[PDB]
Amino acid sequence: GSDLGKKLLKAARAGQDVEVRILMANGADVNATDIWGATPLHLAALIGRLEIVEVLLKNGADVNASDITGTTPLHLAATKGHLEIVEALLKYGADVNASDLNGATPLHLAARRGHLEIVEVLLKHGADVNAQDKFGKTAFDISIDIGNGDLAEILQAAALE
């Protein structure tokens, strides 16, 4: 770790936009990691700050970085429902078929909270509808467990294509 890198992780988690910029302007490692392996891009997407996520991606943040649990910034944004951040990561080449230690893709996490608009966007970027997690649950199996018939009809139409 670095004293500038450790400060950048705290600045990104704290939602301090000007601190994040002035830190990597002083030479902070944009791909720094904590003990969990999370980058500032993880924390910026977790707290839901699109302006901080985009500036990290411009300075060279690893969009496909995954922490020790296997969760990427695309995983976290799909969970919390930050569509604008989900769209921003994909434009910078985010892996839509990345799986964590549960075998869950961003399609799994978004469908578990009923984020309908994010599920469609992920499918448009080539999301595997037939991907199963460690429990053998596909993105359709989750929709039946929660019971979102609106979401359940969307994925069946996608698997038939």
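For every residue, the number given is its place in the sequence shown, counted from 1.
When the two stretches 87-95 and 69-77 are set side by side, the higher mean Cα temperature factor goes to 87-95. With 59-67 and 128-136 compared on mean CA B-factor from the PDB entry, the stretch scoring higher is 128-136.
Note on the listed residues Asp29, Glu51, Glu120, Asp34: the highest Cα temperature factor in the record is that of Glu120. Per-chain ranking of the deposited C-alpha B factor places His42 in the lowest third. Annotation for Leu8: C-alpha temperature factor in the lowest third relative to the rest of the modelled chain, per the entry. Ranked against the other modelled residues of its chain, the C-alpha B-factor of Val18 as given in the entry falls in the middle third.
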